Number of protein chains: 2
Amino acid sequence: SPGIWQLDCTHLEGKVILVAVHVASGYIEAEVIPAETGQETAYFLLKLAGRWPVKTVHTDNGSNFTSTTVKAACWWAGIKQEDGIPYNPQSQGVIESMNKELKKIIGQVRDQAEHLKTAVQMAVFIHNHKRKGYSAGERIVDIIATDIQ
Amino acid sequence: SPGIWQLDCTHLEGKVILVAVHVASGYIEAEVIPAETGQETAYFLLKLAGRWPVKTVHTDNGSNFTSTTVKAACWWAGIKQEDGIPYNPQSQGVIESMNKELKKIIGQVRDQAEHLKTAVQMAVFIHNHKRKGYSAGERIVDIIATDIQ
Ligand SMILES: COc1ccc(CNC(=O)c2ccccc2C[N@@H+](C)Cc2ccc3c(c2C(=O)O)OCO3)cc1
Ligand SMILES: COc1ccc(CNC(=O)c2ccccc2C[N@@H+](C)Cc2ccc3c(c2C(=O)O)OCO3)cc1
């Protein structure tokens, strides 16, 4: 559970926003890409696993689940690739809610930058730092530090 | 000191590798960019601070120290920008050694990908996961969790 992440893809300004959510904490990393391809998703997971102890990724769709490039990156990085089927139905809504909150934040910062990617990183910052009294950034560090010891 | 990071720029294949080192743990994030500009450096720090509690950044040179874009990103992200002057004479050496180690890893994985950026991220992965017996990834999480509590 300290190592379980969910991939999420959303669309804005004709571009794709790829998100990895740390399930237990609600912490996120995100990138803007022109279109979701296996190569991009693979590259994004490699980056993520080099930064956090990623044991399991719940993939966002069947194209990424099938992708030979995505499977190669997961093998390289020691990641168990899983489907993202919400056997828990309170997961579909939780992601939808996160895309909504994310997009709200991006709207709140959008004028602060020309490039969508800049506004997306600002939104990642504001999301991870928001106290709800611990923030996502706090929760992920505590969850994982507890696991290490 | 849980929040202190050092910027480092190194060169390979006619490109720039931008590195942020978490001073206490030796954990790193890195990116490939065409050339170090204030805008790229600013963007890299924004990404970094949204992912980890960055209190202080020791900038890698006087151009980034002066950069009005870099100062604007630091202000936005709550980052104290400082010089990277190695008042401890053993800071020049640690960085030199890290660039050497990094470039060595990149050499050990280089054939595993066409794009330098892919090899750099593999190298980041291998660096952060190496047991030294705790890894850099383990140390940074330990250091910061101890601070949160
Ligand atoms: C990240 O540091 C920041 C430092 C300062 C600001 C303040 N806002 C403005 O000055 C501004 C506002 C609106 C439109 C254009 C601009 C001018 N640009 C240069 C901002 C910028 C810088 C670095 C980047 C960017 C962009 C971008 O516009 O997307 O894209 C990737 O690296 C934002 C971000
Ligand atoms: C991260 O997932 C990986 C999955 C598999 C491999 C195995 N190695 C090869 O198949 C290979 C080896 C040498 C040359 C070209 C290739 C073919 N490409 C498509 C690998 C690749 C994929 C995604 C990317 C890349 C690149 C790249 O070549 O740099 O750049 C940004 O996103 C590496 C990385």
Side-chain angles (χ1 to χ4, degrees), chain A residues 7 12-13 15-16 18 20 30-51 54 57 59 63-64 66-79 81 106-126, chain B residues 7 12-13 15-16 18 20 30-51 54 57 59 63-64 66-79 81 106-126:
Chain A
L7 264 186
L12 201 64
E13 313 184 358
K15 288 183 194 46
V16 162
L18 197 49
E31 69 167 26
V32 176
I33 56 183
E36 200 183 26
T37 60
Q39 286 190 221
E40 298 291 352
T41 299
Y43 185 69
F44 176 75
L45 293 172
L46 179 55
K47 281 185 297 183
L48 183 65
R51 291 160 176 69
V54 184
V57 71
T59 47
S63 299
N64 278 331
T66 305
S67 170
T68 56
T69 301
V70 173
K71 294 184 182 303
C74 285
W75 163 82
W76 196 96
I79 301 169
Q81 199 198 199
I106 293 167
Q108 288 169 3
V109 308
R110 191 63 185 85
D111 59 336
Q112 284 180 64
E114 175 186 352
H115 302 117
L116 175 64
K117 63 185 199 159
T118 313
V120 163
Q121 297 315 319
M122 288 174 167
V124 165
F125 180 103
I126 283 167
Chain B
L7 272 187
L12 199 68
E13 308 181 4
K15 293 168 188 56
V16 166
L18 196 52
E31 66 167 25
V32 176
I33 57 180
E36 205 182 18
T37 63
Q39 278 188 48
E40 297 287 0
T41 300
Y43 183 69
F44 176 72
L45 292 172
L46 178 59
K47 281 186 292 184
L48 185 68
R51 290 164 175 69
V54 186
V57 181
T59 51
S63 293
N64 278 332
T66 308
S67 169
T68 56
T69 303
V70 174
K71 296 185 179 304
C74 283
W75 164 81
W76 196 97
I79 301 172
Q81 200 198 11
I106 294 161
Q108 290 166 3
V109 305
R110 190 67 184 87
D111 66 319
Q112 290 184 54
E114 178 187 344
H115 305 114
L116 179 59
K117 64 184 201 166
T118 309
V120 167
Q121 296 313 320
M122 286 173 165
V124 168
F125 182 105
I126 284 166

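Letters A, B, ... mirror the listed sequences (proteins, then strands); counts begin at 1. One-based numbering, in listed order, for ligands and for the atoms of each.
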Checking heavy-atom distances from atom 3 (C) of ligand 2 to each of A:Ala77, A:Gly38, A:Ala73, the winner is A:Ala73

Given 3.5 Å as the limit, does a donor-acceptor pair link the side chain of B:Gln81 with the main chain of B:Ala73, or not? no

re atom 6 (C) of ligand 2, the protein heavy-atom contact at minimum distance is B:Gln112 O, 3.9 Å

Shortest non-hydrogen pair, A:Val109 vs A:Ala119, comes out as CG2-O, 3.6 Å

Any non-hydrogen protein atom less than 4.0 Å away from atom 18 (N) of ligand 2: no

- [ ] Give a yes or no on whether atom 10 (O) of ligand 2 lies under 4.0 Å from any heavy atom of the protein.
- [x] no

Nearest non-hydrogen contact to atom 29 (O) of ligand 2 from the set B:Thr118, A:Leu46, A:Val70 belongs to B:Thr118

Looking only at heavy atoms, the pair that brings A:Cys74 and A:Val57 closest together is SG-CG1, 4.2 Å

Between the CD1 atom in A:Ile33 and the CZ atom in A:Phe44, the distance rounded to the nearest 0.5 Å is 8.5 Å

TODO: Ignoring hydrogens, tell whether any protein atom lies closer than 4.0 Å to atom 21 (C) of ligand 2; use the non-hydrogen atoms only.
DONE: no

Check for a donor-acceptor pair, side chain of A:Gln121 on one end and backbone N or O of A:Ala30 on the other, with a separation under 3.5 Å. yes

If we number the atoms of ligand 2 from 1 as shown, the ones under 4.0 Å from a heavy atom of B:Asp111 are 13 (C)

Separation between CG (B:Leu7) and CG (B:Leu48), nearest 0.5 Å, reads 8.0 Å

Note: ligand 2 atoms sitting under 4.0 Å from heavy atoms of A:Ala42 are 1 (C), 2 (O)

Residues B:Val124 and A:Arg51: closest non-hydrogen pair is CG1-NH1, 3.8 Å

Q) Counting only non-hydrogen atoms of the protein, does one fall under 4.0 Å from atom 25 (C) of ligand 1? A) yes

Of all protein heavy atoms, the one nearest atom 23 (C) of ligand 2 is A:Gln39 O, 3.6 Å

Correct closest heavy-atom pair for A:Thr37 and A:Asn64 would be O-OD1, 4.0 Å

* Measuring from the heavy atoms of A:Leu45, does anything fall under 4.0 Å of ligand 2? -> no

Atom 4 (C) of ligand 1 has as its nearest protein heavy atom B:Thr69 O, 3.8 Å

When you measure from the heavy atoms of A:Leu116 to every atom of ligand 1, does any distance fall below 4.0 Å?
no

Any side-chain heavy-atom pair of A:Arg110 and A:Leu116 under 4.5 Å:
yes

Rounded to the nearest 0.5 Å, the CG atom of B:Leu45 sits from the OG1 atom of B:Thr69 at a distance of 11.5 Å

**B:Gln108 side chain near B:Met122 side chain, heavy-atom distance below 4.5 Å** = no

Of all protein heavy atoms, the one nearest atom 14 (C) of ligand 2 is B:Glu114 N, 3.4 Å

Quiz item: Measuring from the heavy atoms of A:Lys117, does anything fall under 4.0 Å of ligand 1?
Solution: yes

Counting only nitrogen or oxygen atoms and a 3.5 angstrom limit, does A:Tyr43 reach ligand 2?
no

The closest protein heavy-atom partner of atom 5 (C) of ligand 2 is A:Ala72 CB, 3.7 Å

